[PDB]
Amino acid sequence: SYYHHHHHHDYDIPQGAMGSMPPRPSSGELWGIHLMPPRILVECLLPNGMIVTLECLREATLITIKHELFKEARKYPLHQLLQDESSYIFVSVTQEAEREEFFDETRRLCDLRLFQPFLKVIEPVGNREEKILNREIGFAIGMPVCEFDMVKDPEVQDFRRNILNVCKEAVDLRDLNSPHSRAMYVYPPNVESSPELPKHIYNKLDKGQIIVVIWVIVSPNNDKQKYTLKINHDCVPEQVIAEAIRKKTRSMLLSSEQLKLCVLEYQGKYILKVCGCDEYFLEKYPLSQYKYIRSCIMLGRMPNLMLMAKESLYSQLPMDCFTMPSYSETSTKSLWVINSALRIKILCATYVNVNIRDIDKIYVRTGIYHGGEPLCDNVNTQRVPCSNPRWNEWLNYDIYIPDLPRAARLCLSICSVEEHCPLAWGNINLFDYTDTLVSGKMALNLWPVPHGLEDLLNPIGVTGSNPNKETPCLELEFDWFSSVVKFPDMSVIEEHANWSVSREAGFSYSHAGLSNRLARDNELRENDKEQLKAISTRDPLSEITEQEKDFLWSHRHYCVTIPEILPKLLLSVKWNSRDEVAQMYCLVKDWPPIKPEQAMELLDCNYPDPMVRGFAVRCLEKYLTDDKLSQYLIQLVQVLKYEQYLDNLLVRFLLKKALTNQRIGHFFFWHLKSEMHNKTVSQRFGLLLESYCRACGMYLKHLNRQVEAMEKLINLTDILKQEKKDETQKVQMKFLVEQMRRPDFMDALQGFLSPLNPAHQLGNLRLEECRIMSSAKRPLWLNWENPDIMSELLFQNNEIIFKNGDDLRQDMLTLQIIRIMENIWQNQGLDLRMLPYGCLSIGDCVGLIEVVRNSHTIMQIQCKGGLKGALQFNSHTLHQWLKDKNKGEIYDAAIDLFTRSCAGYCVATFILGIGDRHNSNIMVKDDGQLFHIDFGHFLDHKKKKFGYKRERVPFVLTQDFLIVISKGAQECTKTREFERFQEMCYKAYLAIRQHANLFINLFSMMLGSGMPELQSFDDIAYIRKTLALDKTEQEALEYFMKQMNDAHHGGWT
Amino acid sequence: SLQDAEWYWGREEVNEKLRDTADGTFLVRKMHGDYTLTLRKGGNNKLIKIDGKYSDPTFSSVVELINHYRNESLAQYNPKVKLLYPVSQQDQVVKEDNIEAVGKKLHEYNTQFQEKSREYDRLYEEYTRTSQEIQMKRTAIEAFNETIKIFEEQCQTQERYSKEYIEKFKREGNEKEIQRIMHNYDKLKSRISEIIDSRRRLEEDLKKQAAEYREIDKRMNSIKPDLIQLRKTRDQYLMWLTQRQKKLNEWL
Ligand SMILES: O=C1CCCc2cc(O)ccc21
Ligand SMILES: O=C(O)c1ccccc1O
Ligand SMILES: [Cl-]
Ligand SMILES: [Cl-]
């Protein structure tokens, strides 16, 4: 009666059930087993050809093992053929299949990454022991440096040798005014971009002043002394150091004059630390301009600096000591001479996996591209379908060879048959890195079609062949012109432009399709000089019409007056007309530099030209501050994917900044390292990381420790998630602690820097506070002693969540976006307090999240304040819980914080379209600030099923919130408290709308990463509707209200 | 008729109607101008803008202008294809004028679609794990081979030193010396035998893996074209209805 007695016959019940923890796999300490047995047998191969097998402990150093081996070898024959043990080193084959020599004999058996448990004894070849700490490099990298040396490809070899230009330059800037500049690299000043202060910050200062606390130590290394100043906000560290020394050294035994003289001898012996972490104030910015100060002002805190001896600082900086590595056709025939069309011979795909029943026939689709296509897309015939497919036909492309632009690319795809459907795909650069038009035969191993792409061809996809051999390899052949065809010099292109210009000046009275040429003269029409800036203001995703394109192209020379139009102009050039392109090259040559946030568009997939991308990098070189770079560093690392060649300007820009500023370097390493599993970028990012690692100085050794820590945690959780699943928390937690107590973990997980922030040191592990959270992903809650001198002044304990299992990079981006929305709001005076807690992907679905102390999910609020019997939870309990925390005048401020944070997180969320909010993913801190966690999919990715103009409200303010927002009324909809709130939401909504270009562009730049939520520009197009960019701002306000009203049902007009 | 027009709809939802149609397909649509002819050409959408007349050259209406260019190419107006495919969903939806039963069909197809999208997602993970598992198998094979070399070298290494230490002193020790030297050697060589057997056993596993890998791609490719048509039909059924935006969500 329930199911009409209809049987499901296939259904049989002997990871939907327990639906969590998807990404795998990763092998640990020995091949095929995660953690080696505590006691283990290792064959030691001796130089006398004997195998003696020691039983060793898992945790034992090679010093211990050698020492025992050479005791135990005595008992075997041919002992008199051995030297003293000191004349030997251990070698073995590792899991990366390389024979590593083990130089550092303090290393433990579990930490060597052996393939099989065995150790060959040898006298050390390669007499530069020093040099073969390339092992250090390929640890940090996660692939051995020897794997690059045997790459044939000259581009790679050329990258490696030529990139050192950049390293050697950066290392020079460091040892320039040493030791100060070394300190400046290592400890660069953590500083807001603007010295100007928002209105609302200034007004916490009583007429621009701050009480501060400078601290000092005298003898031995114990007692400390405050010196509680009240300086001007905009006074530099040197001035602040004076006043600490003044007050420290005022006396009844010193005259006024005598004091001034004891100040000057002391004043520049010292520099300012931040108590509790390794941050420092080493250059003349206003105190207010350092981030720590400005935080302290907002949080209502008295800053706690420390007076530090420069020599006790310059003590701690070791020398960086850079070393150059071991790796140090007669003018051809110009592309413009070649008198033919392009034709490409498709030959034969080999490895095509298709059901001959299911699929009728298969062919090779093709196209020439430049982001968009410079000719009609063509296929070939549907020949030898499915069973062993082979077409030996020249495809014929209607474009002359000289009209191929520098950044031209072939994009192809094997398809199935309107039954049209892609199997594989792959793209090739028609020009190589040496500017050489491609000729002869090519093997191209193809990529599988990803999730979001239903399209036939995929040209945004990475240029180059798949490294995975066993995949559809479609080989092919390019025309030959008895010569290595090459792309013209700039000199040659300049002339052709200067000519093409003059030639336009004699074209005559009438031209139908004025379109591409002015016919205006030096005087343009005022209605049009208004229509151009009108175009310029529009966002990148408001596509341009052919009228508008031709129009922009005609007035290209006036477009120099309005530099910001450039992105639009460039997309109106016909890249299949070298006449037009050559002219554009001469504009871009001295086009006025533009704001980095506008220039960053020009390094997305829609601007593949080298000259354009150059200009962009030149913009960044001028304007983009070391502050603003490290914000957008994610998008800039991503955007490398769209560079045609290994060696380019963008790479050389970043690599240099990374070696110039150790704080950038830190995140640069991790962001590249993060994506090293992904074979689209493995080689490229590997090569780059090798450069950085080779040139970055001591930090390599620091990174190596952070890297060793993460690997241990990766292993530990991999066991908890496999074979310790279906065990009680009790049993798991017992396993966890047992393991963390072993000396190798104690070694590896204790003295290092948080990758979330290398300013924080991580000291000893407090295992009593380390635990596995209740999630099925088995995340670790880890806790470390802050081993600063002034732990107490900042935080005695540092705790961060390690989570093997989830792809942290969607979160990472939304949190970055929030970071930016906050900044935009605040720096244009209006205070909405977002809390972009720290996130960082360090792997393939492996990462770190910042713990925010003293905060709870609403659900805990309600579980705590919930009366027995369990009938219903009370709406007021949030409010009651919050009242219970903030009592007196403190209350009034806590509701302002709640209200200010709740409006920001309403607008941000609605705009971004993050996952529906509810009690287990919204959090409230004791001081009354609200913030979201676990955002899910960010651009409305559950609209990929159904969807269609849903324009959802993910943060729907239930009663709970509304009560709190209007102090404690009933019928909260009708208070000034809530009127004020609404007007925050409207001012916040419009503020983001005026910067909408940026947000589009940040998303545009992230298309690179294989995030399923960002497969193509239409994904990003949600953010248009939600911001209502096609409408007027007054309509947009009303739109936003309309949206906010219907999700709430009354309140908003 | 100028409201109906067999294609006049009146940005984003244009592109998602122009998604995956052929080279020629078109339709017609903020103080910029009036209507916009969004014509698709080889994976990229071309937008053409529009006293009575509807750039320089006498066409009295919006329907006047598009019938002319359905016959003819657009090169003569602006240098760089025709309006061949006026694509715009009553043809095959079981012609159902039953407003409710078209809504039920939407759910059936949308449950099939969403079923199918998981099958496609599951398999894509198996594929990608299996790539990783395969290349980890391949690297191990090299590791084995390199391991073996070191032992093959080792059994060779002793033959030089051991058979220098048999002949120099044959009487001294003799079958006390050379027995316990031969024991070691016979450990060393059958150990090599075990290793080589271990490698072999991985290669046979690698082929069975590479076979399974082939089978996953095969079935991905057989799921894919159904996932498009099942999707495309759902969007035509869902378009026919909207010819009740909030009523849809429960079926969907
Ligand atoms: O653990 C060490 C090793 C010596 C250098 C050092 C400097 C610090 O500031 C803190 C810790 C440490
Ligand atoms: O697909 C498009 O609409 C498009 C067309 C030309 C250039 C870039 C694009 O994204
Ligand atoms: Cl970060
Ligand atoms: Cl948190």
# chains A, B, ... in the order shown; residues from 1 in each chain; ligands from 1
>>> residues_around(residues="residue 48 in chain A", least_positions_apart="5", cutoff="8 Å", atoms="only C-alpha atoms", output="JSON, numbers by chain")
{"A": [78, 79, 81, 82], "B": [157, 158, 161]}
>>> residues_near_ligand(ligand="ligand 2", cutoff="12 Å", atoms="only C-alpha atoms and all ligand atoms", output="ChimeraX atom specification")
/A:369-374,455,458-460,540-546,549,567-568,570-575,604-608,1004,1016-1021 /B:11-12,14-16,18-20,38-47
>>> residues_near_ligand(ligand="ligand 1", cutoff="10 Å", atoms="only C-alpha atoms and all ligand atoms", output="JSON, numbers by chain")
{"A": [277, 278, 312, 313, 315, 316, 317, 318, 751, 752, 761, 762, 763, 787, 788, 789]}
>>> write_last_selection(atoms="C-alpha atoms", output="compact mmCIF listing (two decimals), in the first residue's frame")
# COMPACT_ATOMS: atom_id res chain seq x y z
CA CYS A 277 55.02 36.96 18.87
CA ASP A 278 57.84 37.70 16.43
CA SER A 312 70.10 40.54 20.72
CA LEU A 313 67.99 40.76 17.48
CA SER A 315 72.10 37.82 17.20
CA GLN A 316 69.20 35.69 15.99
CA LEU A 317 69.49 36.36 12.18
CA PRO A 318 71.92 33.85 10.66
CA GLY A 751 59.49 23.63 17.97
CA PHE A 752 58.19 25.36 14.81
CA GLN A 761 55.91 30.27 17.34
CA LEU A 762 54.67 26.87 18.39
CA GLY A 763 56.50 25.44 21.38
CA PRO A 787 57.29 30.06 23.92
CA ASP A 788 57.65 33.87 23.66
CA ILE A 789 59.31 35.71 26.55
>>> residues_around(residues="residue 124 in chain B", least_positions_apart="4", cutoff="9 Å", atoms="only C-alpha atoms", output="VMD selection string")
(chain A and resid 450 to 451) or (chain B and resid 119 to 120 128 to 129 216 to 217 220)
>>> write_last_selection(atoms="C-alpha atoms", output="PDB file, in the first residue's frame")
ATOM      1  CA  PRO A 450      35.883  18.133 -16.015  1.00  0.00           C
ATOM      2  CA  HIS A 451      32.538  18.420 -14.178  1.00  0.00           C
TER       3      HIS A 451
ATOM      4  CA  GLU B 119      27.026   8.594 -10.693  1.00  0.00           C
ATOM      5  CA  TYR B 120      29.169  10.893 -12.862  1.00  0.00           C
ATOM      6  CA  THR B 128      41.289  10.334 -10.221  1.00  0.00           C
ATOM      7  CA  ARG B 129      42.143   8.118  -7.248  1.00  0.00           C
ATOM      8  CA  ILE B 216      35.762   3.812 -15.485  1.00  0.00           C
ATOM      9  CA  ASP B 217      36.497   6.150 -18.442  1.00  0.00           C
ATOM     10  CA  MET B 220      31.941   7.958 -17.834  1.00  0.00           C
TER      11      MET B 220
END
>>> select_by_dssp(residues="range 483-705 of chain A", states="helix (DSSP H, G or I)", output="count of residues only")
148
>>> residues_near_ligand(ligand="ligand 3", cutoff="6 Å", atoms="only C-alpha atoms and all ligand atoms", output="PDB file with C-alpha atoms, in the first residue's frame")
ATOM      1  CA  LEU A 756      48.728  30.165   9.476  1.00  0.00           C
ATOM      2  CA  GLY A 838      42.542  32.192   9.304  1.00  0.00           C
ATOM      3  CA  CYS A 839      42.406  29.310   6.791  1.00  0.00           C
ATOM      4  CA  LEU A 840      45.143  27.689   4.706  1.00  0.00           C
TER       5      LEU A 840
END
>>> closest_residue(among="B:143, B:75, B:230, B:87", to="chain A", atoms="only C-alpha atoms")
B:143
>>> residues_near_ligand(ligand="ligand 4", cutoff="9 Å", atoms="only C-alpha atoms and all ligand atoms", output="MDAnalysis selection string")
chainID A and resid 800:801 837:838 849:853 855:856 923 932:934
>>> write_last_selection(atoms="N, CA, C and O atoms", output="CSV table (one decimal), in the first residue's frame")
chain,number,residue,atom,x,y,z
A,800,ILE,N,45.3,25.5,16.8
A,800,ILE,CA,44.9,25.6,15.5
A,800,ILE,C,44.3,24.2,15.1
A,800,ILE,O,44.7,23.2,15.7
A,801,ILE,N,43.4,24.2,14.2
A,801,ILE,CA,42.7,22.9,13.8
A,801,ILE,C,43.4,22.4,12.5
A,801,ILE,O,43.4,23.1,11.5
A,837,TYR,N,38.4,34.5,10.1
A,837,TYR,CA,39.4,33.7,10.8
A,837,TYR,C,40.3,33.1,9.7
A,837,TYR,O,40.0,33.0,8.6
A,838,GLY,N,41.5,32.8,10.2
A,838,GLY,CA,42.5,32.2,9.3
A,838,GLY,C,42.2,30.8,8.8
A,838,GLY,O,41.7,30.0,9.5
A,849,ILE,N,42.9,25.6,10.1
A,849,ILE,CA,42.0,26.7,10.5
A,849,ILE,C,42.3,27.3,11.9
A,849,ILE,O,42.5,26.5,12.8
A,850,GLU,N,42.4,28.6,11.9
A,850,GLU,CA,42.5,29.4,13.2
A,850,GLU,C,41.3,29.1,14.1
A,850,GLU,O,40.2,29.4,13.7
A,851,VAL,N,41.6,28.6,15.3
A,851,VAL,CA,40.7,28.7,16.4
A,851,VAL,C,40.4,30.1,16.9
A,851,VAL,O,41.3,30.8,17.2
A,852,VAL,N,39.1,30.5,16.9
A,852,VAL,CA,38.7,31.7,17.6
A,852,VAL,C,38.3,31.2,19.0
A,852,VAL,O,37.3,30.5,19.1
A,853,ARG,N,39.0,31.6,20.1
A,853,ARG,CA,38.7,31.3,21.5
A,853,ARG,C,37.4,32.0,21.9
A,853,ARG,O,37.0,33.0,21.3
A,855,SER,N,34.2,31.4,21.6
A,855,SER,CA,33.0,31.6,20.8
A,855,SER,C,32.3,30.3,20.6
A,855,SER,O,32.9,29.2,20.8
A,856,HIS,N,31.0,30.4,20.3
A,856,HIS,CA,30.1,29.2,20.4
A,856,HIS,C,29.1,29.3,19.2
A,856,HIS,O,28.6,30.4,18.9
A,923,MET,N,28.1,31.6,14.6
A,923,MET,CA,28.8,31.6,15.9
A,923,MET,C,28.8,33.0,16.6
A,923,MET,O,28.8,34.0,15.9
A,932,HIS,N,30.2,33.8,10.8
A,932,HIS,CA,29.9,32.5,10.1
A,932,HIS,C,31.1,31.6,10.0
A,932,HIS,O,32.2,32.1,9.9
A,933,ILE,N,30.9,30.3,9.9
A,933,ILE,CA,31.9,29.3,9.6
A,933,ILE,C,31.4,28.3,8.6
A,933,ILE,O,30.2,28.4,8.3
A,934,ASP,N,32.3,27.4,8.1
A,934,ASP,CA,31.9,26.4,7.2
A,934,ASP,C,30.9,26.9,6.2
A,934,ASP,O,29.7,26.6,6.3
>>> select_by_dssp(residues="range 729-943 of chain A", states="strand (DSSP E)", output="PyMOL selection string")
chain A and resi 752-753+761-762+771-772+780-785+797-802+839-841+847-850+855-857+922-925+930-932
>>> closest_residue(among="B:175, B:235, B:6, B:91", to="chain A", atoms="only C-alpha atoms")
B:235
>>> closest_atom_pairs(of="chain A", to="chain B", cutoff="7 Å", atoms="only C-alpha atoms", output="tab-separated table")
residue	atom	partner	partner_atom	distance
A:24	CA	B:129	CA	6.8
A:48	CA	B:158	CA	6.1
A:49	CA	B:158	CA	4.1
A:50	CA	B:184	CA	6.6
A:51	CA	B:184	CA	6.7
A:77	CA	B:181	CA	6.6
A:93	CA	B:147	CA	6.1
A:95	CA	B:143	CA	6.7
A:96	CA	B:139	CA	6.7
A:97	CA	B:143	CA	4.2
A:115	CA	B:143	CA	6.8
A:353	CA	B:218	CA	4.7
A:354	CA	B:218	CA	4.9
A:355	CA	B:218	CA	6.2
A:358	CA	B:222	CA	6.1
A:372	CA	B:44	CA	6.9
A:376	CA	B:42	CA	6.4
A:377	CA	B:42	CA	5.4
A:419	CA	B:225	CA	6.9
A:421	CA	B:225	CA	5.9
A:423	CA	B:221	CA	6.5
A:455	CA	B:20	CA	5.9
A:513	CA	B:78	CA	6.0
A:545	CA	B:47	CA	4.7
A:546	CA	B:48	CA	5.6
A:547	CA	B:49	CA	6.6
A:945	CA	B:114	CA	6.7
A:946	CA	B:252	CA	6.0
A:1021	CA	B:12	CA	7.0
A:1030	CA	B:30	CA	6.3
A:1031	CA	B:30	CA	6.7
>>> closest_residue(among="A:57, A:894, A:341, A:1041", to="residue 982 in chain A", atoms="only C-alpha atoms")
A:1041
>>> residues_around(residues="residue 620 in chain A", least_positions_apart="3", cutoff="12 Å", atoms="only C-alpha atoms", output="mmCIF file with N, CA and C atoms, in the first residue's frame")
data_model
loop_
_atom_site.group_PDB
_atom_site.id
_atom_site.type_symbol
_atom_site.label_atom_id
_atom_site.label_comp_id
_atom_site.auth_asym_id
_atom_site.auth_seq_id
_atom_site.Cartn_x
_atom_site.Cartn_y
_atom_site.Cartn_z
ATOM 1 N N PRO A 593 50.021 53.809 -16.892
ATOM 2 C CA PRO A 593 49.814 52.847 -15.824
ATOM 3 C C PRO A 593 48.509 53.053 -15.056
ATOM 4 N N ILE A 594 47.879 51.936 -14.700
ATOM 5 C CA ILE A 594 46.617 51.946 -13.987
ATOM 6 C C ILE A 594 46.684 51.226 -12.622
ATOM 7 N N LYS A 595 45.615 51.411 -11.857
ATOM 8 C CA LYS A 595 45.522 50.909 -10.498
ATOM 9 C C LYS A 595 45.599 49.370 -10.523
ATOM 10 N N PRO A 596 46.414 48.768 -9.640
ATOM 11 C CA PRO A 596 46.576 47.319 -9.613
ATOM 12 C C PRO A 596 45.290 46.519 -9.662
ATOM 13 N N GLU A 597 44.271 46.941 -8.932
ATOM 14 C CA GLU A 597 42.985 46.233 -8.931
ATOM 15 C C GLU A 597 42.326 46.192 -10.334
ATOM 16 N N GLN A 598 42.690 47.154 -11.193
ATOM 17 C CA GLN A 598 42.229 47.223 -12.587
ATOM 18 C C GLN A 598 43.161 46.490 -13.543
ATOM 19 N N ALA A 599 44.457 46.578 -13.271
ATOM 20 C CA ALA A 599 45.467 45.835 -14.019
ATOM 21 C C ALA A 599 45.415 44.310 -13.791
ATOM 22 N N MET A 600 44.921 43.857 -12.651
ATOM 23 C CA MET A 600 44.859 42.411 -12.374
ATOM 24 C C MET A 600 43.902 41.650 -13.272
ATOM 25 N N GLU A 601 42.926 42.353 -13.829
ATOM 26 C CA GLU A 601 42.041 41.781 -14.828
ATOM 27 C C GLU A 601 42.881 41.286 -15.989
ATOM 28 N N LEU A 602 43.902 42.059 -16.340
ATOM 29 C CA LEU A 602 44.748 41.774 -17.496
ATOM 30 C C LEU A 602 45.679 40.565 -17.353
ATOM 31 N N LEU A 603 45.682 39.893 -16.207
ATOM 32 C CA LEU A 603 46.386 38.637 -16.094
ATOM 33 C C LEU A 603 45.415 37.456 -15.962
ATOM 34 N N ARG A 613 50.061 41.530 -20.760
ATOM 35 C CA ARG A 613 50.437 40.980 -19.476
ATOM 36 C C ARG A 613 51.686 41.615 -18.944
ATOM 37 N N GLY A 614 52.540 42.109 -19.832
ATOM 38 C CA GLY A 614 53.687 42.900 -19.400
ATOM 39 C C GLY A 614 53.229 44.168 -18.705
ATOM 40 N N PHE A 615 52.454 44.980 -19.439
ATOM 41 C CA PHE A 615 51.896 46.241 -18.954
ATOM 42 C C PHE A 615 51.340 46.005 -17.561
ATOM 43 N N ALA A 616 50.461 45.015 -17.433
ATOM 44 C CA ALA A 616 49.905 44.627 -16.138
ATOM 45 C C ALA A 616 50.978 44.513 -15.062
ATOM 46 N N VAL A 617 51.984 43.672 -15.296
ATOM 47 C CA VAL A 617 53.094 43.502 -14.337
ATOM 48 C C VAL A 617 53.773 44.850 -14.052
ATOM 49 N N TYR A 623 52.586 50.477 -8.411
ATOM 50 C CA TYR A 623 51.608 50.754 -7.345
ATOM 51 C C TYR A 623 51.528 49.680 -6.233
ATOM 52 N N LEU A 624 51.424 48.408 -6.613
ATOM 53 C CA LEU A 624 51.058 47.327 -5.684
ATOM 54 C C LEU A 624 52.034 47.183 -4.521
ATOM 55 N N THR A 625 51.574 47.576 -3.331
ATOM 56 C CA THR A 625 52.390 47.532 -2.112
ATOM 57 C C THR A 625 52.562 46.114 -1.603
ATOM 58 N N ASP A 626 53.633 45.879 -0.835
ATOM 59 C CA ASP A 626 53.894 44.559 -0.227
ATOM 60 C C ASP A 626 52.744 44.121 0.637
ATOM 61 N N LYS A 628 49.375 44.964 -0.155
ATOM 62 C CA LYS A 628 48.243 44.683 -1.019
ATOM 63 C C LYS A 628 48.532 43.456 -1.886
ATOM 64 N N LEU A 629 49.822 43.188 -2.148
ATOM 65 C CA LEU A 629 50.278 41.966 -2.847
ATOM 66 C C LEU A 629 49.920 40.720 -2.063
ATOM 67 N N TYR A 632 46.252 39.649 -2.228
ATOM 68 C CA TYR A 632 45.912 39.097 -3.535
ATOM 69 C C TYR A 632 46.901 38.006 -4.020
ATOM 70 N N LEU A 636 47.300 35.777 -7.643
ATOM 71 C CA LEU A 636 48.485 35.973 -8.488
ATOM 72 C C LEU A 636 49.235 34.674 -8.757
ATOM 73 N N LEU A 649 57.277 37.472 -17.137
ATOM 74 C CA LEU A 649 57.508 38.649 -16.279
ATOM 75 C C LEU A 649 56.806 38.523 -14.943
ATOM 76 N N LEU A 650 55.539 38.105 -14.979
ATOM 77 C CA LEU A 650 54.791 37.854 -13.760
ATOM 78 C C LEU A 650 55.525 36.916 -12.797
ATOM 79 N N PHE A 653 58.413 38.785 -11.223
ATOM 80 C CA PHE A 653 57.909 39.788 -10.263
ATOM 81 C C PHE A 653 57.682 39.158 -8.900
ATOM 82 N N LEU A 654 56.849 38.125 -8.882
ATOM 83 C CA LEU A 654 56.496 37.435 -7.651
ATOM 84 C C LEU A 654 57.747 36.820 -7.020
ATOM 85 N N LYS A 657 59.702 39.504 -5.209
ATOM 86 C CA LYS A 657 59.010 39.932 -3.971
ATOM 87 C C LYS A 657 59.096 38.903 -2.850
#
>>> atom_distance(atom1="CA of residue 841 in chain A", atom2="CA of residue 935 in chain A")
15.2 Å
>>> residues_around(residues="range 107-109 of chain A", least_positions_apart="6", cutoff="6 Å", atoms="only C-alpha atoms", output="VMD selection string")
chain A and resid 58 to 61
>>> write_last_selection(atoms="N, CA, C and O atoms", output="short mmCIF file (atom, residue, chain, number, x, y, z; two decimals), in the first residue's frame")
data_model
loop_
_atom_site.label_atom_id
_atom_site.label_comp_id
_atom_site.auth_asym_id
_atom_site.auth_seq_id
_atom_site.Cartn_x
_atom_site.Cartn_y
_atom_site.Cartn_z
N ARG A 58 61.74 1.53 15.50
CA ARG A 58 61.11 2.56 14.65
C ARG A 58 61.69 3.97 14.81
O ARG A 58 61.91 4.68 13.83
N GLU A 59 61.92 4.36 16.06
CA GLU A 59 62.25 5.74 16.41
C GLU A 59 63.78 6.03 16.43
O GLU A 59 64.18 7.17 16.66
N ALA A 60 64.62 5.03 16.13
CA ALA A 60 66.07 5.11 16.38
C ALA A 60 66.85 5.98 15.37
O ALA A 60 66.65 5.85 14.15
N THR A 61 67.76 6.82 15.87
CA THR A 61 68.61 7.62 14.99
C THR A 61 69.58 6.74 14.22
O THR A 61 69.96 5.66 14.68
#
>>> residues_around(residues="residue 89 in chain B", least_positions_apart="2", cutoff="9 Å", atoms="only C-alpha atoms", output="number ranges by chain")
B: 91-93, 236-237, 239-240
>>> write_last_selection(atoms="C-alpha atoms", output="short mmCIF file (atom, residue, chain, number, x, y, z; two decimals), in the first residue's frame")
data_model
loop_
_atom_site.label_atom_id
_atom_site.label_comp_id
_atom_site.auth_asym_id
_atom_site.auth_seq_id
_atom_site.Cartn_x
_atom_site.Cartn_y
_atom_site.Cartn_z
CA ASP B 91 7.58 20.29 -29.83
CA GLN B 92 8.49 17.33 -27.58
CA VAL B 93 7.18 17.66 -24.00
CA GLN B 236 12.70 22.67 -22.10
CA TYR B 237 10.02 21.23 -19.75
CA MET B 239 10.78 26.62 -19.96
CA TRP B 240 7.34 25.44 -21.21
#
